[PDB]
Structures are given as structure tokens and as C-alpha cells.
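We begin with a single chain expressed as C-alpha cells, specifically the form deposited in one PDB entry.
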């Protein structure tokens, strides 16, 4: 009815609750980091499955699909963390998973605490802007499509048409509430700017990840296989700036 079919479809393909499988009996640095990595493994599997039902995605060359997933993995994860924190704990806690909800107390380490403060920016903006699920779902797809190789994608044409249709869908999502043209136009600017700023934010997560990855044995932190492959295959390249981040505003 009032809800555009594409948005309803996106709602229906959202993943079910994902647990970190964290141990609540026995916590610590490596323990917390290991659980977060376990959660990361389950999240990656979720994004891949999700991408198989995302209208238009399966039509892109297979290599582009793999590349886009790996490129956006961290971004989609932190964005999802932002949504969950916003929806379950009014953004006042980091809701990584039902069995892994972190607050100030569980962030003893200055390095980890700083990282969390950075992630906290998303939930906070979600609360400030009062993002709707309709808007979040469309923004999530745009995130998936927010970075491309320097030489571009193999299915570049199809990629741009897809990005455009989801940009039009984000506008429709905004139209659901923001009825005014001036207000709806200003809201489009705010949401797309939030997406632009994610590049800077995620860079910090990428670096923290790679550093912990390299010192995994010494830090006693386990990194599951699927995620390990994403980190080994693209993070060094991404941190070195060997990719093309897409921006809505120059």
C-alpha cells in the first residue's frame, strides 16, 4: 500500500537474530575480541546470503559480487551495529548481539574503548536524525555499493543502474515521512552525508582489525576462516587507499 514494494522486499530479506555465541560463564581482551570475531564470521555469512536475494545484485558479474561484499563487509557490520544499538538500547550501549551487549564498563582498554567511541557515532546519529527502517534498508544497500576497484567493476553499467534505483528508493523512503520538498531534500543530504562519513569511520575499524589480525597468535585472538580470507585479501589494499570510495558530496 503506502510502502513501496522494493522496501517491503528489503524488510523481508533481513537476517534473523545473530548471536556471537559468547561465553557468559567464564571475560577479557582476547576473549571479547575472539567473540566479536566469531560474530563477525556469522555476520559475513549473513551478508552473503542476503546479497543473493537483493534485487539486482546477483545480476552483477560474480567477481564484482565478491569484491563488493569484501569491500563493504566492515561497513555493513558497523552500520548494522548502529541499527541494533539504536533499536534495542536507544543507542546508549553497543548492541553487537543479544549475547554481547557492551557498555562503558566492558571497555577497559584505551585502544578498544577509543574504537567503540568511534562506532558509537552511528547509533548517535541514528537517534539524532531518527532514521526509519525504510531509510536504513535503502542506505544499507547503498553502503554495499559504496566502493569500487580503481579500474572499476566488470559490470560497471549494471552497477550504476542498480545504485541509481536504490538512490531513488531512498528518496521514496524519505518521502514516507518527510513530506516537504525542502525538508525531504535536506534530509536526503543528511542521510547521504552520513554515508560519506562512514568511509572515514570504517578506516579506523579496518586498521584496528588488521593490526589485531597480524598479532592474533600473540594476542591469543582467534579469527575464523571466512573473515580471515576477507581480511587477508582486501584490508591491506583498502587501507593503502588502492580502491575508489564513492561519495555523494565532493
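Residue numbers count along the first chain shown, from 1. Rigid core here is just the name for the largest C-alpha set that superposes within 1.5 Å across the two forms.
Although it is not shown, the form deposited in another entry is what the next lines describe.
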Answer among 107, 137, 81, 148 for the CA shift between this form and the one not shown that reaches 2 Å or more, rigid core superposed: 107
Would residue 20 count as moving between this form and the one not shown, using a Cα shift of 2 angstroms or more after superposing the core as the test? no
Honestly, after the rigid core fit, is residue 9 moving at least 2 Å at Cα between this form and the one not shown? no
With a C-alpha distance change of 3 Å or more, do residue 66 and residue 234 lie closer or farther in the other form? farther
Out of closer and farther, which fits the Cα atoms of residue 121 and residue 237 in the other form compared with this form, where the change is 3 Å or more? closer
